[PDB]
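Take a look at this single chain, the form solved without the named molecule, given in structure tokens.
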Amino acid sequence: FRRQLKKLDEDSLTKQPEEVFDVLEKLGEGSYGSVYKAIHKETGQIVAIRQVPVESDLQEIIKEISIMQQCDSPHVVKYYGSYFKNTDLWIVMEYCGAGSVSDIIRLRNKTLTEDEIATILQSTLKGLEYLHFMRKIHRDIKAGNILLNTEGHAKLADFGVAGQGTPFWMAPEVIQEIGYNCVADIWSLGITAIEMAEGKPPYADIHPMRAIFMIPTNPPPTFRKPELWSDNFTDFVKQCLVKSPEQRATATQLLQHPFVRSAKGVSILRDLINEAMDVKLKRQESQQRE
């Protein structure tokens, strides 16, 4: 029985197998890797275990891990450890119950309101302020890379890895490959702000091989129907979307912008987070045969 297991219980913490966590559900079978919810038995805390079965560039993953390890801030998804089980590598990291902002919009089939955007963007700007202060660049700012925990706090995840894809969020100086700095995230932030308000980035309906040429040499984008938005919102988007990087506003300056500075508390996101996670629960009841 467990009499055999109890004899085996005379083992140290080093001897402990990967039973340290209890896998519960497959939250999303993402292409980067199957991602499972789990609970650490000893701490009772909920973590997310990203299985990396793919023989991807494990340097591309280790580079993502090493960037994650270098960050200690509640605005950035934390990393807890890794282990090998079966044939694949499993990566334990911070759990965000609601998911990415893109899925929140998708699940509710609903665009985010202004006040919801200002709260979500204020938290992310505090994250960008922390990273830029450390002379780091996220490099992949977008709605699908901004996770919300069950409480309602936005968190940056899935750092872009410096190469050696889709351009709609890229700054002009970064696609032209003329060299870029921290304020590159400010451009993608501005595009993300549009993506939150109207569901798609500007040039989304444009082919990538086309958009690569238009974005560097065209006026900074704006709202498709700019009569639907407040002056502070349009001005904030205008100040994020400045083609000259040296002229582009920094994350610190944007935090004092009227649109962000007056952002309401996390409590406003309460209703939409309940909406999104209810569509997730029903989505899991239909895939199971029973």
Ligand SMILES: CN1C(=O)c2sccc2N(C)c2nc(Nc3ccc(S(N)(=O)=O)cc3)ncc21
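Just count from 1 along the sequence shown to find any residue number.
Here the subject shifts to the form solved in complex with the named molecule, a form of this protein not shown in this document.
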Answer with yes or no whether residue 221 is in contact with the named molecule in the entry with it bound, where contact means some heavy atom within 4.5 Å. no
Indicate whether residue 93 is a 4.5 Å heavy atom neighbour of the named molecule in the entry with it bound. yes
Even though the named molecule is not shown here, does residue 53 get within 4.5 Å of it in the entry with it bound, heavy atoms only? no
Find out whether any non-hydrogen atom of residue 145 is located within 4.5 angstroms of the named molecule in the entry with it bound, and reply yes or no. yes
Looking at 98, 154, 191, 112 here, can you tell me which has any non-hydrogen atom within 4.5 angstroms of the named molecule in the entry with it bound? 98
Consider the chain as shown here, without its partner, and state which of 260, 242, 27, 237 has a heavy atom within 4.5 Å of the named molecule in the entry with it bound. 27
Per contact check vs the named molecule in the entry with it bound (non-hydrogen atom within 4.5 angstroms), the hit among 126-134, 212-220, 191-199, 98-106 is 98-106
In the entry with it bound, which residues of 61-82 put a heavy atom within 4.5 Å of the named molecule? 77
